[PDB]
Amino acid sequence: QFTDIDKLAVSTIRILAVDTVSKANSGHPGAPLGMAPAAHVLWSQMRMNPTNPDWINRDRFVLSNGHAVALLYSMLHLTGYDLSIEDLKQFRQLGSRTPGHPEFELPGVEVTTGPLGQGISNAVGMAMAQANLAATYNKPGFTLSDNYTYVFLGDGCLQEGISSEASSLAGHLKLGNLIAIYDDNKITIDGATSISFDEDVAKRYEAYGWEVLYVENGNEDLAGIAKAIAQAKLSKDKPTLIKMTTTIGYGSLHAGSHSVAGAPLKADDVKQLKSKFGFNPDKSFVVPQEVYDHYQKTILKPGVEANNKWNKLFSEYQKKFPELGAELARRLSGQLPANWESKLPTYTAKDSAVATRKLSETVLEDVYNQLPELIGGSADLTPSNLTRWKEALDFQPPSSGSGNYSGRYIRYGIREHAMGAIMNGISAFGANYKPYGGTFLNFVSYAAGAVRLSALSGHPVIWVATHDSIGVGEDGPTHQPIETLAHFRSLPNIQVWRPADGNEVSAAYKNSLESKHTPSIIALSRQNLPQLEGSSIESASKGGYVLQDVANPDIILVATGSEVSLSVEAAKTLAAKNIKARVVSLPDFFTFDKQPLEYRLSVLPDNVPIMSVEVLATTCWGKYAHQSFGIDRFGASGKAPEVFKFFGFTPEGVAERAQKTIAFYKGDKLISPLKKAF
């Protein structure tokens, strides 16, 4: 039962959001208006602690329809989080804690949303991670993990294919604790949904194996909303979708019109809303004391006490199960096992020629038992990406008979974008989870919508991208990347590793895993590559270094991945003609650029022509090279070696180009491209 106070609270949220959008004269007021009742109802029965937004067993909420942020901020403020009326007053202004879309960095905000379809998929991640933590640490008597994941979504999210891939997989995995509430308001930007969206949403969701509950009166039926949620919590075998009907901008003179969607209400309209809901049409940002008292009482005080009972249970747990408790305590601190990297493979020149894709498999087998937080998977390319260790158990529902929730290997299906957002969700769940997803490097491009958010928010997720170039061969240009690495090297805060051998692959994982705010992409080859003389984890961890050196080089060859070997052979052919070439290996732009300038310039100095070698686009190389040898046209079909010779990438071919670069520059003094003038 709700009372007069719940109605006042619902009324304090609606108006506080309006006031928050109006002042910025920028924003979306509609969804927050139409969603206040459901939000009040939902947040009151959510187990959380405004005082500790990181408590691990806290019910997690996600505003997938990111533009309704105003709503979110209102709730965070009213319920006790560190967000004041002042912050609300600097909404959408440069440098405030209240940007136009929820940002992962703010306490109370679980992921960064805004881009449609991304929030709902993150939520699937947060439920897979929960299912796993629970199955891995819960013991009879100690229920350390049992939280739920709540999502708020709109028509847009449901139209973005990414939420379909995610939802399909969520139905398969039988995620009972995932409860999604849909803002069934019948409007989007272009107007009415019937104009391009008249499908049977509930029917499409039942086909995924989800349960669908209806709430016809989302505008006022508090009892029914609270009841829909309750019913949803009893079906632990099917995720639940609640189709709740509401009127966008409810309370405004233009309720139900798309005008209220993405624009502040007219001052005139803001006044009546307030008079209507019983407020003073002349005051702004007014929160009745009784509302504060109510939330302290029903949410903050209880939530705080729930966190207290939990911590001491965890104390008893650590006494009862030392090994498992110490491990969980470690993951909770965010620290990786001690000296874990000591288990990383190393090699020498006498070792065997092996494609880095294979070398990658061997790191996974060696470290998976050292890092209980490593949960991996592939998007239907497991036998190609070699992303699965041997003694692995698939993460599946107990009823599958092909695994269970304690498992750490995920079968994403042919769903690259959803994998991207789901891994973002796993990482964001907490407990030091370290997800990795595999697929072909040219198809990582299908997940750019999510890959950007891992960088923007800083979710350190790992993409194991095999088949990095025309080394793919026969599959042809539809499968050979050309522009991928250049694209990602152009996106801020993301490591794009292209290791050249066993040691460079170890450096890739060491850096990739130790990272706490920077995702990574490891581009691996299909074809066998030899072990280089000069490579090492220590050097390679710096992103770029000098593989082979010569006193007073006539030219410097900068290469990456499969091309470092070719370059080493090109140099041999060059020594033959008395030309001294220094060979620099650059496994990651990101990590290299992070080294102090004095190191970088010792690697790429003045007074020597620098030419770069890589079988892909040359558009990003100007920052380190004087002349670039690469590909700026689509690949071809045919045996891989025949294709490489076709493009000029043979030892002599590169050598010839080195010579032309030296002659072109004789007499000119050169300056390292690393030197910026401002």
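Throughout, we count residues from 1 along the sequence that is shown.
Which wins on mean Cα temperature factor, 406-414 or 469-477? Comparing averages over the C-alpha atoms only gives 469-477.
Would you determine, from the values in the PDB entry, which of 666-674 and 10-18 has the greater average C-alpha temperature factor? The deposited B-factors put 666-674 ahead on the C-alpha mean.
Out of 517, 203, 319, 452, residue topping the C-alpha B-factor column of the entry: Among 517, 203, 319, 452, the highest C-alpha B-factor in the entry belongs to 319.
Identity of residue with top Cα B-factor, from 144, 393, 494, 207: Result of the comparison over 144, 393, 494, 207: 393.
Among all modelled residues of this chain, ranked by Cα B factor, put residue 54 in the bottom, middle or top third, i.e. lowest, middle or highest. Its C-alpha B-factor belongs to the middle third of this chain's values.
Could you tell me which third, lowest, middle or highest, the C-alpha B-factor of residue 599 occupies within its chain? CA B-factor rank for residue 599: middle third.
Considering only modelled residues of the same chain, in which third does the CA B-factor of residue 192 rank: lowest, middle or highest? Answer is highest: the recorded C-alpha B-factor places it there.
Split into thirds by Cα B-factor across the chain's modelled residues, where does residue 382 land: lowest, middle or highest? CA B-factor rank for residue 382: highest third.
Relative to the other modelled residues of the same chain, rank the CA B-factor of residue 47 and answer lowest, middle or highest third. Middle third, going by the recorded CA B-factors of the chain.
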